[PDB]
Structures are given as C-alpha cells and as structure tokens.
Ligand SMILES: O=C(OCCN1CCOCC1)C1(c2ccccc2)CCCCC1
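Encoded as structure tokens, the following chain is the form deposited without this ligand, with no partner shown.
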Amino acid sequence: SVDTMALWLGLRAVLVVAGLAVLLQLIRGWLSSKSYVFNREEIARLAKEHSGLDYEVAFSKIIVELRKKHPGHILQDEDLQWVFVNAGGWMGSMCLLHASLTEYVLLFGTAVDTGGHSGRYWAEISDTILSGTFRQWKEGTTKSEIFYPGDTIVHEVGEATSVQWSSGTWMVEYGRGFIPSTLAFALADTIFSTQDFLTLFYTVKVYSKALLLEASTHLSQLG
C-alpha cells in the first residue's frame, strides 16, 4: 500500500511535468510569428499538377516554378542536397528548398519500406504525394487510410498519427508554424539511435543556409 501511494505520487509528478511541457509547446505555437511567404493551397496545387510525371522530373519542374514565382526565397542548385532523416523510428531523406522561422519547403520521401511515429505536430505540415503510397493511422481510431499520388495530407497542430511509406514514395512538404520546434523531432533518432553526426551536420548546415538566404532577401528587399 505504501509502494502504491509512492508510485501514484510519482506518476502525478510526471503527469504535471508533461502537462507543463505540452502547455509551453502550445504557448510557443500560439505566440509564434505569422508572417507567411507561401500558402499551403499554392504548394498543394503546384505539387498536384506534376504528380503524373516521373518524380524526378516533377522535382525539377516544381523547383523551377518555385524559383520563378518566389525569387530570392529558394536555395540555389549549389545548396541542394539529399540528407538522410531518421525520426520516430522511420528513415527517409529530404532536400530543403526554403526554410525560415515560420515556414519551410522541402522534398521528402524514401526508397525503402519504412514507417513509424509522425511526431507531435506543434506546427502545421502538409504533404502532397508524387509517387508511392502514404498510409496514415490517426490517433484514437483502429483503422488506417491510404493516400496516393495527387492527394494532399494536412497535419493539424496537436495531431499524432502513425505514418507508413512504401518503397519509392516521394512527396513535397510545406511546413507552417514554429519551425525550430520541429528540428528536435527531426534529429531525435539521429542523436540517440543512428549516431550519424555528419547527417546532423548537413541538417543544421542546410537550415542555416536557408536562414541566411531569407535574411539576405529581407535586407535586399528593404535595402
């Protein structure tokens, strides 16, 4: 009975600590900046237009269109790089195109069968498929849904689903909200599982280059 009481008190302590953590995450999301360069419908339409072609040609055409419609906000050909992404038990790769304090645009996908935790969304993310399949298992339900090239899955803030991607699945991803908070989730398995310090290097490098591009465009627009 004494051990039961001690265990209940410890569980209550962990309960309130986790509640405070989630509350601080929600506060950071609420008080976040809302100056947006893109709209999610725009990225969704642009990615859905080229979903019928090969995914590499689609990547090329979408990058060209993004550079054409938003000059100074997309990285150059010299800065584009495929970087592994290990998070929540799954493994994929990304190619960052745009990333600021409130938005980011990248090409995400995997060439192998993988799946795991989607991560607690404290920012709004949208994925429009170009090839492969995307199986989502939302929280609270016992059934999953399948998504195909042309579909767009939007992840609201606070949602946590079970994601799964077949081999050769590739999509375009646009994130809106408090972008830095996602970094942790993007690097968790890189820190405590894969020990891939070079992947962490490449990730922070491309993010810093995207921030530098955004600041340079800001200065050139006001200067």
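Take the two forms, superpose them, and find the largest set of C-alpha atoms that agree within 1.5 Å; that set is the rigid core. Counting begins at 1, following the sequence as shown. Residues that one form lacks are left out of the comparison.
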(message) Test of understanding: from the entry's C-alpha B-factors, which stretch has the higher mean, 104-112 or 69-77?
(response) 69-77
(request) Tell me which of 18-26 and 198-206 has the higher mean C-alpha B-factor in the deposited entry. (result) 18-26
(request) Report the option among 166, 193, 162, 35 whose CA atom has the maximum B-factor in the deposited record. (result) 35
(message) Ranking every modelled residue in this chain by its Cα temperature factor as given in the entry, which third contains residue 189?
(response) lowest
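Another form exists, deposited with this ligand bound; not displayed. Remarks below refer to it.
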(message) Taking any heavy atom pair closer than or equal to 4.5 Å as contact, tell me whether residue 51 reaches this ligand in the bound PDB entry.
(response) no
(message) Can you tell me if residue 59 lies within 4.5 angstroms of this ligand in the bound PDB entry, counting non-hydrogen atoms only?
(response) no
(request) Consider residue 122 of the chain shown here, and say whether it contacts this ligand in the bound PDB entry, taking contact as heavy atoms within 4.5 Å. (result) no
(message) Just checking whether residue 185 would be counted as a contact of this ligand in the bound PDB entry - the rule being heavy atoms within 4.5 angstroms.
(response) yes
(message) Taking the cut-off of 3 Å or more as given, in which direction does the distance between the C-alpha atoms of residue 138 and residue 26 change in the bound PDB entry, closer or farther?
(response) farther
(message) Relative to what's shown here, the Cα pair residue 31 and residue 104 differs by 3 Å or more in the bound PDB entry. Does it come closer or drift farther?
(response) closer
(message) With a 2 Å cutoff on C-alpha displacement after fitting the rigid core, which stretches of 3 or more consecutive residues move between the shown form and the other one?
(response) 9-35
